[PDB]
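In what follows, a structure is listed as structure tokens, so that the remarks can point back to it.
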Amino acid sequence: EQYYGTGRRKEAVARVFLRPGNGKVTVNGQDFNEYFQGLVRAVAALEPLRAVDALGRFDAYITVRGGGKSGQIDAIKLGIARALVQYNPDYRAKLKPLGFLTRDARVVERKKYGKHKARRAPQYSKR
Amino acid sequence: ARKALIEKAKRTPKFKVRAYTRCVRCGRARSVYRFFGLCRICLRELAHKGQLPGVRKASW
Amino acid sequence: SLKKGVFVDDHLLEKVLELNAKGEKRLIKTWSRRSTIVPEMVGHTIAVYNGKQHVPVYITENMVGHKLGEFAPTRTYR
Amino acid sequence: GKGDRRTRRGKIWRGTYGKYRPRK
Amino acid sequence: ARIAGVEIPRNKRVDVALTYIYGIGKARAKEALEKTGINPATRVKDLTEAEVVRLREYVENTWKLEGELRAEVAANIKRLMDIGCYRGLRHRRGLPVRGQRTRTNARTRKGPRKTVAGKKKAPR
Amino acid sequence: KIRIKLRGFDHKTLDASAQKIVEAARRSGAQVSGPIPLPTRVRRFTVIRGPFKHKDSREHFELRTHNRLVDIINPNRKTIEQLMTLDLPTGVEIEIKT
Amino acid sequence: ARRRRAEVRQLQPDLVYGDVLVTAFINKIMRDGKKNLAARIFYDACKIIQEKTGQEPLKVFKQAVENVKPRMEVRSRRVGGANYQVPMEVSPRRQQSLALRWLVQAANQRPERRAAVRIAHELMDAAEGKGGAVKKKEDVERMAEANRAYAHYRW
RNA sequence: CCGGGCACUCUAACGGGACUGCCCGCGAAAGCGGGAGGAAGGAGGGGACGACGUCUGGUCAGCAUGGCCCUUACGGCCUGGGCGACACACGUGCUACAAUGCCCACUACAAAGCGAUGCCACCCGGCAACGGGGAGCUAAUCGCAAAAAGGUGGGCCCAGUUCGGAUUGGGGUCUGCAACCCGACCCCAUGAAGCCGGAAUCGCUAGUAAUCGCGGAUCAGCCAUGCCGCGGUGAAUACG
Ligand SMILES: [Mg+2]
Ligand SMILES: [Mg+2]
Ligand SMILES: [Mg+2]
Ligand SMILES: [Mg+2]
Ligand SMILES: [Mg+2]
Ligand SMILES: [Mg+2]
Ligand SMILES: [Mg+2]
Ligand SMILES: [Mg+2]
Ligand SMILES: [Mg+2]
Ligand SMILES: [Mg+2]
Ligand SMILES: [Mg+2]
Ligand SMILES: [Mg+2]
Ligand SMILES: [Mg+2]
Ligand SMILES: [Mg+2]
Ligand SMILES: [Mg+2]
Ligand SMILES: [Mg+2]
Ligand SMILES: [Mg+2]
Ligand SMILES: [Mg+2]
Ligand SMILES: [Mg+2]
Ligand SMILES: [Mg+2]
Ligand SMILES: [Mg+2]
Ligand SMILES: [Mg+2]
Ligand SMILES: [Mg+2]
Ligand SMILES: [Mg+2]
Ligand SMILES: [Mg+2]
Ligand SMILES: [Mg+2]
Ligand SMILES: [Mg+2]
Ligand SMILES: [Mg+2]
Ligand SMILES: [Mg+2]
Ligand SMILES: [Mg+2]
Ligand SMILES: [Zn+2]
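Protein chains in written order, with my numbering: chain G, 1 to 127; chain U, 1001 to 1060; chain D, 2001 to 2078; chain E, 3001 to 3024; chain P, 4001 to 4124; chain X, 5001 to 5098; chain W, 6001 to 6155.
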């Protein structure tokens, strides 16, 4: 019945659900290709299914919260993987080989005092 | 003139406008806090001793 | 900018109003460069303070919604 | 630009609201 | 078409056109459409002969509109000259006038940076 | 029905003092909702180390205000004796409602 | 850096044509971290390839690139009395970088009002073999060889 | 939203984890390069942490403090002025010179903080700043609140322009006894220099630079474009 994976990527938590059937995709109450209209990176989150090859099979029901639309697309791209990895003891041959598993620890770092932007150091006179 | 001031500050009779702050420990008018009641100088000092409840060398 | 009042200090009109009595002399000093000019207060040259001395400034209708301060120069070398 | 009061941005940058950026 | 004084915008849309008049900004522009009645997207080249009139009428008639406008402006400043109120001067001395830092900037009311100069420090 | 708050500072104590009010709230009758740790409100403030002029290398502190909630389902005259008289907060603070 | 040899950052394949050599470009096209605008332009440019040419977009871009990778450039050097400009080989790594770069710059240097069109046409010319890049490549070429004298400083 | 449910998410408190223990290569060792499993290796990536001493460094104006000096004043109060002066030079900054743009209507994705004569929903008045009413909050359970860039479609058309908002005139609002010197917003009208900056020179090696919006302290109000923080989008390059 339900197939879930914890979608999380840079202050973005996505809830992935996979129901066999058509292929319809939903997020926080909207059609995938509608909630992400404009973002040419949208069709990237579904890329995991496109290599398992098994797209026309899971009516995925997601709900991502927190972060940025793109960040969300990342959280999702991990859920769609973490979710279906569960219901396929053999589908491990992709989440490890085709690097689809990493929280991307890559995240914004604290702004140190005396550095306009956590690193960009102020100007300089000397004279 | 920093003695007569601490007192002058305490008194308040005139227009609430002029009612201004000033460090509790040291007679300092600049960089005080609506909390602690201490000045940056003072605060950090006490802070290091521990006499400032729940206050801890921040870390994140 | 005052739209309900006129913040024009009282020890002025007080001394201006009593002077309004048949209208006598005029020489009158003050430190209210912060108050406003009152209509009909023309002819009442009011020396205003600036921090140094009192500028013997005449006062006429041309100037009214102004402050006696605008009329007193605070700094030197204008 | 962020410097024109009579503009959505300008008003925003200034942290204000008004005829060019009303409160809904 | 000469709508005002001696001003005539061209081959553009009226909403932008009028702008080219002293006294008429973007505001008063659309302010003469709720009372005039015309579709802004229209170029000044093509448009009913009457529209121009009903336009010019409103515009010129309503308020006041280059010269004399531009002329009143002076007077005020002239008036500021009176006995010499503070804000009155500054215009007199050609300095900024709403309290700013003449020390550094203010080059907009100040004359080109008339350099001239100054201090020297002993080498030995 | 009766609600109880738990602020304070050292989450080392507050945790215990709170936890106590359950192992002792069950023995007094009605069941209870396990010590729930709600979010922490924090007080951060920076200061310029030097007492003069050194806007850099300054130093800021924190003041973690831990909160903690727990609640009894049914108000037994039993529990009352305990809670009301078992006031044992070293540096803790507790608010109670309904 | 003096320490390590430094390893090349890898890129994520395109979403439309799926090719790093593409993303690379889009990136170079991107100004102020705004990819959506960076990609569109690029693609919108291809949507203006079929018209100006019944060619497969992917191949024009691919060619344009090849038509600019500078076989060789000159890099300064100090010795004494004056500085000789030594001419030497160029690994694809830098070639691609250069080529790609020149493309974008050249584009924006064009007089086409829209951006799509610029990258667009620019791509075509290059692809063909006569674009600002082509020139900026040729120039670099000229520079070298001519300085073959000092070439014996390959270092 | 109601009943109801801890599975998610999360909040916050306690644990396991990674130790060169495995394999190959080099060696006397320590230990280097390669590889698998793994979320993560060989200090995993950031914080806190800065030796003996150095600059007769800084600060007697935060405080403490030896010596010196003043006492109807070198002490104290007060109203007014000043620290905001301006022919000029520099430092750091902010907004820009535009179509990878600007404007306008609509529609989304944050994090981190903050709040008692305090933040204000929601109404009615006003073009608006804001003002009369008035619900909720002792605040993961109400408010500040809107993220902006983005996405949609609509308007400009390469022009000092619908680029850019300085300057000034007129009309207002709010805090405060009080905005002349000297506050910040608002609206109308003005639309300045600037079409990318000499000699020079700065920052940054990845979630960094660049770019966009947000919180807080101080604080009636505010000259904050500052500072201290948060998050969104998200690169180029490193032969040597
Ligand atoms: Mg950032
Ligand atoms: Mg410095
Ligand atoms: Mg004194
Ligand atoms: Mg005050
Ligand atoms: Mg503009
Ligand atoms: Mg020589
Ligand atoms: Mg390379
Ligand atoms: Mg050996
Ligand atoms: Mg560490
Ligand atoms: Mg010294
Ligand atoms: Mg002392
Ligand atoms: Mg005074
Ligand atoms: Mg003053
Ligand atoms: Mg100063
Ligand atoms: Mg000034
Ligand atoms: Mg929304
Ligand atoms: Mg915050
Ligand atoms: Mg919060
Ligand atoms: Mg209503
Ligand atoms: Mg009220
Ligand atoms: Mg009210
Ligand atoms: Mg202005
Ligand atoms: Mg430049
Ligand atoms: Mg140049
Ligand atoms: Mg040079
Ligand atoms: Mg670095
Ligand atoms: Mg801010
Ligand atoms: Mg404030
Ligand atoms: Mg100011
Ligand atoms: Mg500053
Ligand atoms: Zn103090």
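All C-beta atoms in this analysis are idealised placements derived from N, C-alpha and C, irrespective of residue type, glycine included.
* Would you call the region 73–86 of chain G and the region 116–126 of chain G touching, i.e. three or more CB-CB distances under 8 Å? -> Contact between the region 73–86 of chain G and the region 116–126 of chain G is not established, with fewer than three Cβ pairs separated by less than 8 Å.
* So the beta strand (DSSP E) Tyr-4(G) belongs to, where does it begin and stop? -> The sequence position of residue 4(G) within the first sequence is 4, counting from 1. Following the DSSP letters along the chain, one finds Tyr-4(G) inside the beta strand (DSSP E) bounded by residues 4–8.
* Give the secondary structure of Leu-4065(P) by DSSP, where H, G and I count as helix, E and B as strand, and everything else as coil. => Within the fifth sequence, the letter at position 65 stands for residue 4065(P). Coil at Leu-4065(P), not helix or strand.
* To do: Just confirm the distance between the C-beta atoms of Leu-2068(D) and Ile-2046(D), as a whole number of angstroms; I'd bet it's less than 8 Å.
  => To locate residue 2068(D), count along the third sequence from 1; it is residue 68. To locate residue 2046(D), count along the third sequence from 1; it is residue 46. Yes, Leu-2068(D) and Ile-2046(D) are in contact; Cβ-Cβ is about 6 Å, under 8 Å.
* Compare the beta carbon distance of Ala-6039(W) and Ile-6048(W) with 8 Å and say whether it is the shorter of the two. => On the seventh sequence, position 39 is the one that residue 6039(W) refers to. On the seventh sequence, position 48 is the one that residue 6048(W) refers to. Not in contact: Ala-6039(W) and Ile-6048(W) (Cβ atoms no closer than 8 Å).
* Could you work out which residues of chain G lie near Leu-6015(W), taking near to mean beta carbons separated by less than 7 Å? => Working through the seventh sequence from its first residue, we reach residue 6015(W) at position 15. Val-40, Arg-41, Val-43, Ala-44, listed in chain order.
* Asked: Going along the chain, which residues of its own chain have a beta-carbon closer than 6 Å to the beta-carbon of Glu-5095(X), five neighbours each way excluded?
  -> Here the question's residue 5095(X) lines up with position 95 in the sixth sequence. Same-chain partners within the cutoff: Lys-5005.
* Other residues of its chain near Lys-77(G): CB distance less than 6 Å, five sequence neighbours each side excluded -> For this step, residue 77(G) is matched to residue 77 along the first sequence. Closer than 6 Å at Cβ, skipping near neighbours: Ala-45.
* Going along the chain, which residues of its own chain have a beta-carbon closer than 6 Å to the beta-carbon of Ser-5033(X), five neighbours each way excluded? -> Stepping through the sixth sequence from its first residue, residue 5033(X) is reached at position 33. Only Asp-5071 meet the Cβ criterion.
* Asked: Quick one: does the C-beta of residue 1066(U) sit closer than 7 Å to a heavy atom of ligand 4?
  -> Here chain U has residues from 1001 to 1060 only, and residue 1066(U) is not among them.
* **CA-to-CA distance, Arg-4098(P) to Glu-2024(D), given in whole angstroms** => The sequence position of residue 2024(D) within the third sequence is 24, counting from 1. The sequence position of residue 4098(P) within the fifth sequence is 98, counting from 1. Straight-line measurement puts the Cα of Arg-4098(P) at about 38 Å from the Cα of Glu-2024(D).
* Can you give me the start and stop residues for the alpha helix (DSSP H) that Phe-5061(X) sits inside? => As a first step, residue 5061(X) is located in the sixth sequence; it is residue number 61 there, counting from the start. No alpha helix (DSSP H) holds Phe-5061(X); the beta strand (DSSP E) holding it covers 5059–5061.
* To do: Report the neighbours of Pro-2056(D) on chain P: residues whose CB is nearer than 7 Å to its CB, in chain order.
  => To locate residue 2056(D), count along the third sequence from 1; it is residue 56. Those within 7 Å of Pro-2056(D) in chain P number zero; the least Cβ separation is about 11 Å.
* Asked: If we cut at 8 Å on Cβ distances, does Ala-1029(U) have a partner in chain X?
  -> As a position in the second sequence, residue 1029(U) is number 29, starting the count at 1. Chain X places no beta carbon closer than 8 Å to that of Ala-1029(U), leaving this residue out of the contacts.
* **Rounded straight-line distance, which links the Cα of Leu-6058(W) to that of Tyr-6017(W)** => Residue numbering aside, residue 6017(W) sits at position 17 when the seventh sequence is read from its first letter. Residue numbering aside, residue 6058(W) sits at position 58 when the seventh sequence is read from its first letter. Each residue's alpha carbon lies about 7 Å from the other.
* **Option in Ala-6115(W), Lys-6137(W), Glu-6122(W) with minimal Cα separation from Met-6030(W)** => Indexing the seventh sequence from 1 puts residue 6030(W) at position 30. Of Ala-6115(W), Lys-6137(W), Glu-6122(W), the residue nearest in Cα terms is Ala-6115(W).
* Asked: Would the beta-carbon of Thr-6(G) fall within 8 Å of that of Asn-28(G)?
  -> Here residue 6(G) is taken as the residue at index 6 of the first sequence, counted from 1. Here residue 28(G) is taken as the residue at index 28 of the first sequence, counted from 1. Not closer than 8 Å, so no.
* Asked: Does the region 26–41 of chain G touch the region 55–72 of chain G, meaning 3 or more C-beta pairs lie closer than 8 Å?
  -> Output reads yes: the region 26–41 of chain G touches the region 55–72 of chain G.
* Are at least three pairs of beta-carbons, each pair with one atom in the region 4071–4091 of chain P and one in the region 5035–5045 of chain X, less than 8 Å apart? -> no
* To do: Give a yes or no on whether the minimum CB-CB distance between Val-1017(U) and chain X is below 8 Å.
  => For the purposes of this step, residue 1017(U) is taken as residue 17 along the second sequence, with counting starting at 1. Closer than 8 Å: no.
* Asked: With 16 other CB atoms within 10 Å as the buried threshold, where does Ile-4021(P) fall?
  -> Within the fifth sequence, residue 4021(P) is the residue found at index 21, counting from 1. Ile-4021(P) comes out buried.
* To do: Report all residues from its chain with a CB closer than 7 Å to the CB of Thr-5098(X); omit the five preceding and five following residues, and keep chain order.
  => Translated into the one-based positions of the sixth sequence, residue 5098(X) becomes position 98. Within the same chain, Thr-5098(X) has close Cβ partners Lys-5001, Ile-5002, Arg-5003.
* Asked: Quick one: which chain G residues come within Cβ less than 7 Å of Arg-5058(X)?
  -> If you number the sixth sequence from 1, residue 5058(X) lands on position 58. Neighbours of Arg-5058(X) on chain G, chain order: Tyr-113.
* Asked: Mind pulling the chain U residues with CB within less than 7 Å of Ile-5048(X)?
  -> As a first step, residue 5048(X) is located in the sixth sequence; it is residue number 48 there, counting from the start. Going along chain U in sequence order, the residues near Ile-5048(X) (Cβ under 7 Å) are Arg-1040.
* Check whether the Cβ atoms of residue 5107(X) and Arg-5007(X) lie closer than 8 Å to each other. => A query on residue 5107(X) cannot be resolved here, the shown segment of chain X reaching from 5001 to 5098 and no further.
* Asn-5076(X) versus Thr-5090(X) - alpha carbon distance -> Within the sixth sequence, numbered from 1, the residue matching residue 5076(X) stands at position 76. Within the sixth sequence, numbered from 1, the residue matching residue 5090(X) stands at position 90. Looking at the two C-alpha atoms, the distance is approximately 26 Å.
* To do: Using a Cβ-Cβ cut-off of 8 Å, state whether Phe-2007(D) counts as contacting chain P.
  => Position 7 of the third sequence holds residue 2007(D). Interface criterion not met: the Cβ of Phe-2007(D) is under 8 Å from no Cβ in chain P.
* To do: Please state whether DSSP places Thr-2030(D) in a helix, a strand or coil.
  => Stepping through the third sequence from its first residue, residue 2030(D) is reached at position 30. Taken through DSSP and simplified to helix, strand or coil, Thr-2030(D) comes out as strand.
* For the region 6083–6115 of chain W, list the beta strand (DSSP E) runs that are entirely contained and at least 3 residues long, ordered along the chain. => 6086–6088
* To do: Kindly identify the DSSP beta-bridge partner or partners of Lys-2067(D).
  => For this step, residue 2067(D) is matched to residue 67 along the third sequence. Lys-2067(D) pairs with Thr-2036(D).
* Can you give, in chain order, each stretch of the alpha helix (DSSP H) that sits fully within the region 64–96 of chain G and has at least 4 residues? -> You should have 69–86, 92–95.
* Drop a sphere of 10 angstroms on the beta-carbon of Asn-6067(W), count the other beta-carbons inside from all chains shown, and report buried for 16 or more, exposed for fewer. => The count along the seventh sequence starts at 1 and reaches residue 6067(W) at position 67. So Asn-6067(W) counts as buried.
* Report yes if the C-beta of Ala-1029(U) is less than 7 Å from at least one heavy atom of ligand 3; otherwise report no. => Numbered from its first residue, the second sequence carries residue 1029(U) at position 29. It does not: the Cβ of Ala-1029(U) is nowhere closer than 7 Å to a heavy atom of ligand 3.
* Span of the alpha helix (DSSP H) holding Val-6079(W)? -> Numbered from 1 along the seventh sequence, position 79 holds the residue referred to as residue 6079(W). Run containing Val-6079(W): none; DSSP gives neither H nor E here.
* At which residues does the beta strand (DSSP E) containing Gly-5034(X) begin and terminate? -> As a working note, residue 5034(X) is residue 34 in the sixth sequence. Residues 5032–5036.
* **Residues near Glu-4007(P) by beta carbon distance below 8 Å, same chain, minus five either side** => As a working mapping, residue 4007(P) is identified with position 7 in the fifth sequence. Same-chain partners within the cutoff: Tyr-4020, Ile-4021, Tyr-4022, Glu-4066.
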